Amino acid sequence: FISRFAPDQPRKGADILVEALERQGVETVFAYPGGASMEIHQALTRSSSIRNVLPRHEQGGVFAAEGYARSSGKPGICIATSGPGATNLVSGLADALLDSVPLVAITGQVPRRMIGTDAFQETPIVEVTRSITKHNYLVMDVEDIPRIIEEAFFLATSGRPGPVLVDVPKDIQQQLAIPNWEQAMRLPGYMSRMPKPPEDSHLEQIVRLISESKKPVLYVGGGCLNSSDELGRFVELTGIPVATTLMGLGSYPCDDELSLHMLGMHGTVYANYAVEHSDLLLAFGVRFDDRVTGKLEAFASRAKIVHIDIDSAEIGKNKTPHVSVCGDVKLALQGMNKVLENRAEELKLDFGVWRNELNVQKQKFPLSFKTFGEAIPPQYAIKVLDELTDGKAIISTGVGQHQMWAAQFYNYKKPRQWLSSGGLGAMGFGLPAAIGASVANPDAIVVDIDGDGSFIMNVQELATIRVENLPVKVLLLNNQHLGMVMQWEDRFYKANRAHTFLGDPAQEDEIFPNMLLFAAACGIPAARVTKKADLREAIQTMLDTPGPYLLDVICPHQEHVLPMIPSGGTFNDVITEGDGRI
């Protein structure tokens, strides 16, 4: 590694911080300048290896960094000024923590002596973000910058990935020093309780339970994002069908015959059936969250549960397993795979009868949607995007009905094609996430499948897309409502509208707002599409027009995401029929 400073040359803390990033391999940051971070931005222009993508709102910043991280496996870096800059990151940090996304957030802070005085643009950001980050730091000396940056990256990316925030006072940015890059990290506790390679004896037992089971199911989640090959081999050696969480989509190819697709509240009847009636649950890289389990006591109630997680705090948190492995699922699969190769003919594994039983459930209750006259079904639009992109696109989404449909109707072939806020479920995520995804993957088709409520929340990021010349495609499924909330109004509150309509009551049949004009404002080519017959050509135009593109897809608002298990319910409570019509 070549520095831009002599080994004995003093330089600003800001310059040390930037080199610290270069030494971590950082190529991209998402930084919005302000008073308390000016020095860092000055240092950033001196770097020839890091590019800054300037967002139009620092919430746009974090969400972009998340998209970057989620689509690449690399940590996402965002920089903000003190005070209001720092507070604008808050939703992104919470989002990253809940979804286990590696992230380093650097915030400028007021000078050290101003801290606690209610200074200009001062927020106690470390205090504010303590419960919504994996860890955070207040840098109190320029000598500490190299160590803290190294620790921040190590913590964000190792174990269970998560966001780490580093707060950097302005006087420390300006202080001249000679950095020491040889310093030891001070993480004795964390480092000593890092998970070890799995024991053979643990892995042998799981393989034994597999051979003794007749109805096994893979319950796969976000923890498997780097194990697709290993998981592929595991399925190929066992023939166990695979159910996925929203976070796990694409770990096992959705278009494969062994795939049960997504389980949970809005999961497929067959995925949930499989789990309900399984005798062996293989929970790999999942956290048994309420969205997938429903009523805990009734979840997988007839099954031997094997749970493999890198975070011990998760093992036995909601359901207690029969068998646990605390470690990397990638290594557990690797170990199990060579045990399964060695004994393939000793084990004679055949789950054809179970696999067949599930196949009749897959035929009697497939994913389905109605088509009304010439009106566009959102589900069908996504299905066309799937066909026209050959399932190779990177998809980000907002939150709501459209998000569930993007999950249900696109066939992800690899993990890290699916970028979606799962745990927090933050609206306004898709557009800036697409931005980060596009920078991390400059040759990929990047589509933000968005809803009109979500899209508008961070619409300012359209400026970013244009200026950064990013080929972000926006498939806007426009139903004029907060669809998800509207659906619950239909099912549980007798269709009583409580502020869920996003159009103009004065001109209630006009599409409001005109999203095409938002795109026009930022010099982004855009079209509307209303008739289903016009759809295939509209999406083809979107894909073919080089650069960014917005396609406004008008959908009837009274569509419902199905199936649905009500909150805290059982598989028996599943709703498979109905909508908001008449």
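Counting begins at 1, following the sequence as shown.
The mean Cα B-factor in the deposited entry runs higher for 573-581 than for the other of 3-11 and 573-581. Annotation for 87-95 versus 185-193: the higher mean temperature factor (C-alpha) is found in 185-193. When the C-alpha B-factors of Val110, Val207, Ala463, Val101 are ranked from the entry, the top spot goes to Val207. The PDB entry gives the largest Cα B-factor of the residues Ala80, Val292, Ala437, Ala156 to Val292. Remark: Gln59 belongs to the lowest third of its chain, ranked by C-alpha B-factor as recorded. In the deposited entry, the Cα temperature factor of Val128 places it in the lowest third of its chain's modelled residues. In the deposited entry, the Cα temperature factor of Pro442 places it in the lowest third of its chain's modelled residues.
Per the deposited record, the Cα B-factor of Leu517 falls in the lowest third when ranked against the other modelled residues of its chain. Split the chain's modelled residues into thirds by C-alpha temperature factor. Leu550 is in the lowest one.
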